[PDB]
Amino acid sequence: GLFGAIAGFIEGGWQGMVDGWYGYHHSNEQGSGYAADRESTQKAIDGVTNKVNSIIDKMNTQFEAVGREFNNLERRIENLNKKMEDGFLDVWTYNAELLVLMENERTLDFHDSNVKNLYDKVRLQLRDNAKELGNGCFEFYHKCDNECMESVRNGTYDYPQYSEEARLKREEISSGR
């Protein structure tokens, strides 16, 4: 997509995540599991709901009485009504089709954007304490327990605490050990 995350470096979605639109999967020695990011999921749901509602609510409907009230000696006037009725059908059809096409492209890019923002927030926190895999995952160079994982999820991840332990691990892989 535009932001390169969905179907980009993040290959495919997660059938196993059911509690939200975007979020995290973790794996350590205690176990593994999915956790949904409620903030971005709720904002995206509200935005998408507003989009559909805006496309519907902004329409203006007024009473009209459409019939065929002209006789055999008034064909010219009926032709005027036909040219008018077909004119509005062409206008509404083209606008409705293209609006759907354009809005769907933006909606998919909106989801792609939301995922990339979540990814970038994690990357800035972890820095070199974890390795970017290029697939949407980060391999920690230190032990990250269930409480450490939540710190990454909610923004309070402490880089200096693990900076040492991470640094020693970087050397071991570097030296072919």
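In this text, residue numbers run from 1 along the sequence as written.
The stretch with the higher mean CA B factor, choosing between 42 to 50 and 146 to 154, is 146 to 154. Taking the PDB entry as given, 122 to 130 carries the higher mean Cα B factor of the two stretches 122 to 130 and 108 to 116.
In this PDB entry, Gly23 carries a Cα temperature factor that places it within the lowest third of its chain's modelled residues. Looking at the C-alpha B-factors along this chain, the one for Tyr34 belongs to the lowest third. When all modelled residues of the chain are sorted by CA temperature factor, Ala96 is found within the lowest third. When the modelled residues of the chain are ordered by their C-alpha B factor, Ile77 lands in the middle third. Ranked by C-alpha B-factor against the other modelled residues of its chain, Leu2 falls in the lowest third.
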